[PDB]
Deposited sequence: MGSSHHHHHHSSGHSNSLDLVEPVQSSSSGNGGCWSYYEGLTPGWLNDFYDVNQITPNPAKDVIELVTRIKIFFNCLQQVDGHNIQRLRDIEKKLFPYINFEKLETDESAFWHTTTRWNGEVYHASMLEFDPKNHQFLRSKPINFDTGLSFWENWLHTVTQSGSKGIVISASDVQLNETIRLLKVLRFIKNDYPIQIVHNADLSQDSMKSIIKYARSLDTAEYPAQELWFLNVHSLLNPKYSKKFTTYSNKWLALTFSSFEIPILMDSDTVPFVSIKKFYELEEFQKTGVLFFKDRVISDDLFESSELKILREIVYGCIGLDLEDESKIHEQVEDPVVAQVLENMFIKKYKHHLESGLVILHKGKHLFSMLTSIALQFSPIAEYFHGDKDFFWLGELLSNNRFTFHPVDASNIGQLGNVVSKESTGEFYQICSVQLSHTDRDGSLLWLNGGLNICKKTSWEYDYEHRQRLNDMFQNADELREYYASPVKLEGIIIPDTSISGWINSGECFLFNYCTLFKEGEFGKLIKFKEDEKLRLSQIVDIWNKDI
């Protein structure tokens, strides 16, 4: 359906939005970005140089110039823990034992599209692996994650993706903690490094910043079915348990729910623009709450849309742990990237919420894990006339049965370097300590995982304590009144205490 793209303005582009750019019609601009990508992957189901000209305007962040001229310079480079380097190569792994097999070279089929090439010629079908977006900044957090993966005896390969911003020193240190002291109880990890800098066109290569790097990590990872993790993420179950979750099995995405923040609400002008985008993309009308439940078959997804368009909430997905099957979700993911650098980029915090918005607006099947996000730490007694309170930076995620799956925020009190501000401005910290230096030591001290509270946001939700530079939140539980409590057994407390110990091990 070349006719569509010939009908567009000659200079048309899926460009990365800039605040300076004059945008009178943001809703229509977003609808165009989503539609142009939808039309593309639909007309591929139905002139090689014509296709490439559309690709260059749809995906300008790809360095198609280098692919066409000096193909070997364009392709990404993977580096194994052993020190072996692979150029323009496809990594293959054993689906059963997850161990590395071979690296067949990339034979780019000119008859197929770039993204079709990426799934068939560049990537091994069914390949599963842990993916982490890391610069030199994320070194320490990445080390601490590796230690925990080794402690729980992870067999899945790990790939650390960077944009030529991870030093040889950092990689050496990662390989050390990944491989050293190999044993059955603390096995070495099949770790890889991936530099995507060659794939990215120099104009857009620098535009992927902070959380946006996670799109580079996820998209270009050597696995078809990556499990993306924050460096500050901590899994408390074997990786296979995440893949086994029914939500991923049925949809091919594993998405977890975020904190409910009732402080930070959308303006009516913002919701009007979001309503136009949704209707413009998938013909869904979000005018009244009654007709939302009707038009959305999955009540878990309906609840998220109710929260956004009725209750005006901005935070829905936590991208600390994400599974995405690129075989079923690549076109959705590429829409997420378009939206990430769209006029509505400023509406949401980082990447997390563009995961599900990409799925929704692309009209691809998705869902969330239905369990609400939870707080984890010490069950402090609240004086009333069982009342418990947890105040932490840690955001936990439990299964239906109530087992801890994972958390984001690391396993120290506070990761932020805010002790100077926090000591002067927060009463509890100001009274409790004598200097800001004493607060620094408290912030660096390990956390103690004794229980979990799943707050009832309708009665007593998430309350910002102001501690750790307004990253610390308090959750309340009162028996038969509001919330759900989960007290860890001595067996569990011991396992968790061992995991916090290995995480906090002072480099």
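Visitor: In sequence order, name the stretches of the deposited sequence that have no C-alpha in these coordinates.
Guide: Missing CA coords at 1-33, 80-83, 423-426.
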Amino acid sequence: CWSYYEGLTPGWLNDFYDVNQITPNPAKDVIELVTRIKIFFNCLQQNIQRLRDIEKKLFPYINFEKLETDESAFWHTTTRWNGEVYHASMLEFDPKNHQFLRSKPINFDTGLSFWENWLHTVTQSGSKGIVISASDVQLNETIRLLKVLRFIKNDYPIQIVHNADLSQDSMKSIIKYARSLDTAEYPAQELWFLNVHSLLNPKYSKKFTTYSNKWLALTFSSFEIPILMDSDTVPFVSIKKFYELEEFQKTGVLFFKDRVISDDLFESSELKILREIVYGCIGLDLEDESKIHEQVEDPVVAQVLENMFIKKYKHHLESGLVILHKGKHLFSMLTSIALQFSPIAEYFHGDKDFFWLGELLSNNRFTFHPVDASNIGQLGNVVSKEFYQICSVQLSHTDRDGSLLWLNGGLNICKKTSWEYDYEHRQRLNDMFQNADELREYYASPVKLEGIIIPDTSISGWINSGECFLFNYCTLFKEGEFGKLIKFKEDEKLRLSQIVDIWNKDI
From here on, numbers count along this sequence of modelled residues.
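Visitor: Averaging only over Cα atoms, indicate whether 288-296 or 403-411 has the higher B-factor in the PDB entry.
Guide: 288-296 has the higher mean C-alpha B-factor.
Visitor: Quick check on the record: does 66-74 or 456-464 carry the larger mean Cα temperature factor?
Guide: Comparing 456-464 with 66-74, the higher mean C-alpha B-factor belongs to 66-74.
Visitor: By the entry's C-alpha temperature factors, tell me which of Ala444, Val34, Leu470, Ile48 sits highest.
Guide: Among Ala444, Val34, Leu470, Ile48, the highest C-alpha B-factor in the entry belongs to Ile48.
Visitor: Can you tell me which of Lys128, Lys352, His397, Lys172 has the highest Cα temperature factor in the record?
Guide: When the deposited C-alpha B-factors of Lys128, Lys352, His397, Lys172 are compared, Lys172 is largest.
Visitor: Please place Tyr279 in the lowest, middle or highest third of its chain by C-alpha B factor as given in the entry.
Guide: It falls in the middle third of the chain.
Visitor: Test of reading the entry: by CA B factor among the chain's modelled residues, which third contains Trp118?
Guide: Tercile = middle for this residue's CA B-factor.
Visitor: Against its chain's modelled residues, does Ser497's Cα B factor rank lowest, middle or highest third?
Guide: For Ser497, whose C-alpha B-factor we compare with every modelled residue in the chain, the answer is the middle third.
Visitor: Taking the chain's C-alpha temperature factors as the reference, tell me which third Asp232 falls into: lowest, middle or highest.
Guide: CA B-factor rank for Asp232: lowest third.
Visitor: Check where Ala27 lands among this chain's C-alpha B-factors and tell me if it's the lowest, middle or highest third.
Guide: It belongs to the middle third of the chain when residues are ordered by C-alpha B-factor.
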